[PDB]
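Here is the structure we will look at.
Note on naming: letters A, B, ... go to the chains in the order of the sequence lines (proteins, then strands), and numbering restarts at 1 for each one. Just so you know, ligand 1 is whichever comes first in the structure, and atom 1 is the first atom listed for that ligand. These values consider heavy atoms only, across backbone and side chains, with no hydrogens, waters or symmetry-generated copies.
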2 protein chains.
Amino acid sequence: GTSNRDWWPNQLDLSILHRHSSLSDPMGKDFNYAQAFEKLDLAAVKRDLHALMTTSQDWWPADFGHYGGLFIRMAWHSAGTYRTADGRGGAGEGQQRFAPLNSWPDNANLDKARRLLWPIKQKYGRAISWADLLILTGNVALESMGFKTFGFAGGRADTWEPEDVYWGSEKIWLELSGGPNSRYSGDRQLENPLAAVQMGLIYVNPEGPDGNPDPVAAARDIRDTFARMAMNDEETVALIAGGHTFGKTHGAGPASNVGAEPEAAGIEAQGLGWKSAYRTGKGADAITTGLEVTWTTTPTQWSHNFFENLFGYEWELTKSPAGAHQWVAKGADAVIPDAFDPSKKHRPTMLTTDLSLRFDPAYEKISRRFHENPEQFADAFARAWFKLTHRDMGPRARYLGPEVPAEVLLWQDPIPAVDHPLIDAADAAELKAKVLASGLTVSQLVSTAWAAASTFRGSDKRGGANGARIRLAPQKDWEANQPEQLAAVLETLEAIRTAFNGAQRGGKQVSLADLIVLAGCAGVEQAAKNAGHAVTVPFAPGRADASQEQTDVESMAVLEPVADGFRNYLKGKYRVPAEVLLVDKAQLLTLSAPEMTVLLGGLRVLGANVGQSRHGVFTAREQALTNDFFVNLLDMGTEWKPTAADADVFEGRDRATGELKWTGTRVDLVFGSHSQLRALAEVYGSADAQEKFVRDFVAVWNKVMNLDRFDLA
Amino acid sequence: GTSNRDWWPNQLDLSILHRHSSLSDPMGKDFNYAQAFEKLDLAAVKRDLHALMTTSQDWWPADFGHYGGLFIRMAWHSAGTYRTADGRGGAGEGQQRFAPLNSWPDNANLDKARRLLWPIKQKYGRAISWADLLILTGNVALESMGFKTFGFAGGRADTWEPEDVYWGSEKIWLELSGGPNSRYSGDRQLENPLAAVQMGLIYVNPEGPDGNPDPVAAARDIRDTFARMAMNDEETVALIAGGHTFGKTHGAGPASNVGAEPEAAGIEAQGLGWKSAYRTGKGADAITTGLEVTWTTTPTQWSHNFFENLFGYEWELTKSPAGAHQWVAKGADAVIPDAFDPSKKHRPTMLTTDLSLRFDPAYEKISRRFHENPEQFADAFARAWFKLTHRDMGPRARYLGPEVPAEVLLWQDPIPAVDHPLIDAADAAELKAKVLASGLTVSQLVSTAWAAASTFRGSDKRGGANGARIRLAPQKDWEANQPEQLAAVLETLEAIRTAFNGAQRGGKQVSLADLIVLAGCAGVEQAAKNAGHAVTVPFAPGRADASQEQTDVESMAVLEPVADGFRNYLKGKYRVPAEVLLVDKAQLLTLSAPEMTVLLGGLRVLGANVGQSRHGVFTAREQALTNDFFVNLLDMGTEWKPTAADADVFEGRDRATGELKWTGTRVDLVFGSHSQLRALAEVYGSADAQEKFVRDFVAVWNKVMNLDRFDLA
Ligand code: HEM
Ligand code: HEM
Ligand code: NA
Ligand code: NA
């Protein structure tokens, strides 16, 4: 059946804004996962998980009699799709159970692992999500095998359909670099927002870059991909060596024995895949990646054997039974146990990427420190495992249950506790009047609050206006934020704040974070008044101000908007059309198509454009909250053409006279071009819609101002 | 970006069940179109439309100074996508303004027609939908040119994204028959559910079949395609000759002058397309189809000149300026006016498909009668035009406004008025107890009510339990409905009804339509009771019984279910996998994926299968309402394999012993195979889900029972 995507493959896809509707969700519309989880008997779940570890099923027998290694890998793949670039991927939505990730080649046989958890999921029902279960099982596996974890938070709500993520443009699974859709260019530069080296891999190729077994070049890829998942050198060595303290790989025979991945298998396979014709197809005959490596002399117990073996032997290049490159210890005795046959033992083996930990010079120093000080290694790995499994969860207010660590970590972008009475409605009125009396304009007030709040992304729940981090490095210097104008607005706001706070009793005070947001609300109210409408914009206090020492400047850099269509901003020229970038940003902000439409039309007229650009400012009453953007955009009395100087700027001219009426970008004009967007614009550009526009604008404005308000959730 | 559809192109698509969410809709959740329309000043809209007809815009100058012809074609293409096989397409959702229909080659330049209506749409806002406006404008065009229409009903609510319709499998616009994706097989047999001869055409090719200009052969395609839009010979002749009484075609120069259709055009074109480099690109130089035919001597006035010309001249095969085949009157004078130059005149011209009306022998008799009796032609055309434009609107209860015709037409599947007091809640409880005391089983009661209510399709709002047409030809003889079992149930229910109705005072009585549904409600309540649960199933009386004389048997044939996954039924063996047919049925019933899942699992254990098949009946307590279907389907202790006899039937065996536990079809087992469906099955198969399962089953049962209840809307 031919589809619109077939006929017009480069037209914008708005269905990504309408996912995760109440239609696809089986739970009622008021189902609150947090409340279900809070009543879960978590200790009972953990006892069941401990039992499962050694309860081998005949359809996928447990290596060494213990599924721990398989479940740790399962949990690390669950978390390991995360990209700091957009916040997308990670464990936080349980997306491993859906396409495509359920069938990625790197997730081979993790279908079996998830199926082993069905009876526990079934027993506890809606009170523990799959997303939470996958991570808890990884924690229990570690604990079962003698490693004490740093803690665990629940609260990852399950999702019910595939997340829309750009994973790459290759049309062949695992395609090597330099093809027609290469994710690499130049000096091995991986394209943003990707965080893996080949389509269908978590991070890197275990044989080495594009299959070439050089540990030093492999180290480069490990470092690049791990940095793109938010992990530095210490955390990376701790994670890889910690993980490979346990379990084994599977490559007992040739890969051509292995059949269709789950999404391609027959209906009789009942959701499972990679069925293998090699001998029994499982256990001692398992084939998962094709590598055949067992790292330690006690694969089911925490030990310090990974680094003893790494440093204690010299390594020779060899091949697994499936033909994959891997390394064997020169001259070693057969000291590694077999996973099924008590009378067999094996020499120590390593992956190319394991040897990176020794042969990359920066990794070697950390590996050596961990080898000499195994207590440091233990603590680093525990902390890293917590980070890995919680990095996409959001602020600490979302963390549920009795195992949440009390230590506050820099990567969590922590927000101080509020310790004082908050402002009330009479105080908010007084502060709004002070803000309007100072001379700050509608444009300044709206632009600053937008700049503060629109850093939020729902993908990893980072960003937003809580914290007042717009006043700190690096946000205060971002070009999209207009540093000189920002400084002057913040200075005026801080004077108002200081005066209000100095006048209070009883410890009451207002944060700068709250005041920025409140000042934006005063500007929207003033804009409505300018248009002859009486509007009150809702405001919820309770934001606190974070310090510079609580704000990791390099981790903050991914939140920098390089494209923000809501302010008609593009930092440079990109291969992706700007309207595709707008929809991407709308998705991160959790906006539907109607919300994105209303919001953008209103911001244009309020003067939220960066640099005071006139592009899309289709009104003769700037700083008044009207639907002018829509009524003018849709006026057939105007004809639009790309400019000579710039194909991405358009001039709109009177059809009868040729006189210039307006200019716009692709972000402005897409609302008059895309047939679903123009349908939405027509609603707001109708003669009966001025009041609807104002009230829908105030709603969406308020929504954006509260995106990060998990303390009120 | 590579997507799941790319990787797994034959996996089932559930997103078709989750369109039309509250996320995509710009109107509030409480917006009621009918309430907005009922306050529209319809007479004022029609006066504005009447003015528009002769107010030419210079960006698309009006032929003959009158847009009438253009708007009639606009309104005919809006309705002309309709297929009786599934009820999909038609005018009832305004889908012409979305992809793909906005850019079909047959809809070329209707973009300009819609843009001409923006100022009126803008003036009246949400009180008149695009969908209604399209049709109204074609009525006003006709009226302005002297034709008295049969009437008009408003009430077509606007939609906000493209409908998912199978329009064919060709990958090239207008591909000629016999390609790799041919819609034709055998002796020119058009595949169901298609109703057009080439991808991107409304009905037929105006040159002739695959471009061959033979009016006799073209007649065959006209007859076949019109029949597939539910029009007979009389109606077809009336429509084509009536339409071609007005206006002209456009082919002033070569088609290679014409640029990209709207979905492919640049952003600057602002939703318009087919921009032409031929001379001025418009007006006298317009190119739309490439044909250049003007049918009558007064193209802006109703007349009987189409048939005077058709029968008064002999016709010669010729070519337009773009090279298309067309016909010119042999030896004629220049009597047809030019569309822009008052000093120029032209000979009569015709399409191949016009001459079909004279050269097909059955058409010729009707055309002759209409020629000799133009009052009959006018009446036929008026009636047909109403039918064409209202055929997908549904029951007469949905018809709004002051111009609704009072005559009740057989194609409307009319339902008589209710003239008596309805049963109350106490009466409903007494009838449910009498039904259960009769000895009718849960299975019989559920199966009968399902068979009555599940003929509904939301595509054209035909079918449903209102009317009690299950007791009439042809529904009573459909194989899916189990004619002998149905007859015995209906006999028992009619005895109950007769006894109840004979006992009442005050004229109160119960229809058989209401009692079939209520009997099904009693069956579901009893099934819940069998499982240890007391529930009330909601029931809304007010259905009435239609007669056989009010039921067009041939028109009812398309409602026959030949695939009903909810009863595990397939009338024969099809190209399309059964699971795809299930999702198609779910879509027609307006069900979400969660609704379809609950509903199916419940029907299986209630005994709803045709023929008492045990396939998918995964319970040891049939006729009790439990979640057994899901608990047993998801049990990994069972292994499933296709049977030797039949690849589409599967045996479920104990994994350890080999014992045969169950059998199922593809429809049953897809719920354990598809990753999004199995996630839903898991919810209902959880240990905490029994109450949720029953609640959700009763809600969807009730939803189905009320699909056609537009009298309560
Ligand atoms: C450079 C990064 C890494 C590479 C290339 C990589 C590669 C692999 C490969 C190829 C397998 C074998 C899969 C099979 O054939 O069954 C595997 C297994 C595993 N990895 Fe990693 N690994 C990486 C990092 C991680 C990290 C961060 C963790 C966890 C903290 C982890 C924990 C595991 C465990 C536990 C197994 C054993 C699975 C079993 O016993 O069934 N690895 N790794
Ligand atoms: C076999 C069925 C039909 C065929 C093949 C057909 C074909 C066409 C073609 C090729 C055009 C010229 C489009 C252009 O170049 O501008 C057209 C114009 C038109 N058709 Fe049809 N037609 C059919 C049925 C109908 C029906 C059922 C109606 C309405 C009752 C309709 C009303 C019109 C009108 C009013 C125009 C003139 C548009 C204008 O003035 O701009 N036709 N027809
Ligand atoms: Na994420
Ligand atoms: Na329809």
### Task
Quick one: look at B:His250 and ligand 2, take heavy-atom pairs under 4.0 Å, and tell me if it's side chain, backbone, both or neither.
both
### Task
Indicate the ring-plane relationship of B:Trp302 and B:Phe381, choosing parallel, tilted or perpendicular according to the 30° and 60° boundaries.
parallel
### Task
Among all protein heavy atoms, pick out the one at the shortest distance from atom 36 (C) of ligand 2; state its residue, atom name and that distance to 0.1 Å.
B:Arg73 CB, 3.9 Å
### Query
With a cut-off of 4.0 Å, which atoms of ligand 2 are near a heavy atom of B:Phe381?
30 (C)
### Query
For B:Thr249 and ligand 2, does the shortest N/O to N/O distance drop below 3.5 Å?
no
### Task
Starting from atom 37 (C) of ligand 2, locate the nearest protein heavy atom and write down its residue, its atom name and how far away it is, to 0.1 Å.
B:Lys248 O, 3.4 Å
### Task
Quick one: sort the B:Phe377 and B:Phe307 rings into parallel, tilted or perpendicular, breaks at 30° and 60°.
perpendicular
### Query
Does B:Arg97 count as lying over the ring of B:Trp160, i.e. NZ or CZ under 6.0 Å from the six-ring centre, within 45 degrees of the axis?
yes
## Note on the structure
atom 15 (O) of ligand 2 has as its nearest protein heavy atom B:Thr289 OG1, 2.7 Å
### Query
Taking the six-membered ring of B:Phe246, is the NZ or CZ of B:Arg73 close enough (under 6.0 Å from the centre) and on axis enough (within 45°)?
no
### Message
Give the atom numbers and elements of ligand 2 that come within less than 4.0 Å of a heavy atom of B:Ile72.
### Response
35 (C)
### Task
Keeping the roles fixed (side chain from B:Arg398, backbone from B:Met393), state whether a donor-acceptor pair exists under 3.5 Å.
yes
### Query
Quick check: are there more than 12 heavy atoms from other residues, nucleotides or ligands sitting under 6.0 Å from NZ of B:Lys387?
yes
#### Entry: Any N or O of B:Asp63 closer than 3.5 Å to N or O of ligand 2
no
### Message
On the six-membered ring of B:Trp60, is B:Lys112 placed so that its NZ or CZ lies under 6.0 angstrom from the centre and within 45° of the ring axis?
### Response
yes
### Message
Quick test: of every protein heavy atom, which one is nearest to atom 30 (C) of ligand 2, and how far off is it to 0.1 Å?
### Response
B:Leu239 O, 3.2 Å
### Task
May I ask you to list the atoms of ligand 2 that are less than 4.0 angstrom from any heavy atom of B:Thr288?
14 (C), 15 (O), 16 (O)
### Query
Which atoms of ligand 2 sit under 4.0 Å from any heavy atom of B:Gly247?
40 (O)
### Message
Under a 4.0 Å threshold between the charged nitrogen and the carboxylate oxygen, would B:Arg115 count as salt-bridged to B:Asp111?
### Response
no
### Message
With heavy-atom distances below 4.0 Å as the criterion, list the atoms of ligand 2 near B:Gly243.
### Response
28 (C), 29 (C), 30 (C), 31 (C), 32 (C), 34 (C), 35 (C)
### Message
Can you tell me if B:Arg188 has over 12 outside heavy atoms packed within less than 6.0 Å of its CZ?
### Response
yes
### Task
Measure the acute angle between the ring planes of B:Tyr399 and B:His390, then classify it against the limits of 30° and 60° as parallel, tilted or perpendicular.
perpendicular
### Task
Among all protein heavy atoms, pick out the one at the shortest distance from atom 35 (C) of ligand 2; state its residue, atom name and that distance to 0.1 Å.
B:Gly69 O, 3.3 Å
### Task
State, yes or no, whether a side-chain contact exists between B:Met74 and B:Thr137 at a heavy-atom distance under 4.5 Å.
yes
### Query
Nearest protein heavy-atom contact for atom 17 (C) of ligand 2: which residue, which atom, what distance?
B:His244 NE2, 4.0 Å
### Summary
Protein-derived N, O or S atoms sitting under 3.0 Å away from the Na ion (ligand 4) total 3
### Query
Near B:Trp385, which atoms of ligand 2 are under 4.0 Å from a heavy atom of that residue?
29 (C), 30 (C)
### Message
Give me the residue, atom name and distance of the protein heavy atom closest to atom 18 (C) of ligand 2.
### Response
B:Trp295 CH2, 3.7 Å
### Task
Classify the side-chain pair A:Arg88/A:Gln587 by whether it contains a donor and acceptor separated by less than 3.5 Å.
yes
### Query
Heavy-atom contacts under 4.0 Å between B:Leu351 and ligand 2: side chain, backbone, both, or neither?
side chain
### Message
Only heavy atoms of B:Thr353, strictly under 4.0 Å: list the atoms of ligand 2 that pass.
### Response
5 (C)
### Query
Taking 4.0 angstrom as the limit, do B:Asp392 and B:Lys461 come out as a salt bridge?
no
### Message
Please report whether atom 3 (C) of ligand 2 has a protein non-hydrogen atom at a separation of less than 4.0 Å.
### Response
no
### Polar contact flag, side-chain donor to acceptor under 3.5 angstrom, A:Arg457-A:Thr590
no
### Aromatic ring pairing B:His244/B:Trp295, orientation class (parallel under 30°, perpendicular over 60°, tilted between)
parallel
### Message
Checking a contact table here: which protein heavy atom is nearest atom 25 (C) of ligand 2, and how many Å away?
### Response
B:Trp76 NE1, 3.2 Å
### Task
Using the six-membered ring wherever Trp is involved, compare the ring planes of B:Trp167 and B:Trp104 and label them parallel, tilted or perpendicular (cut-offs 30° and 60°).
perpendicular
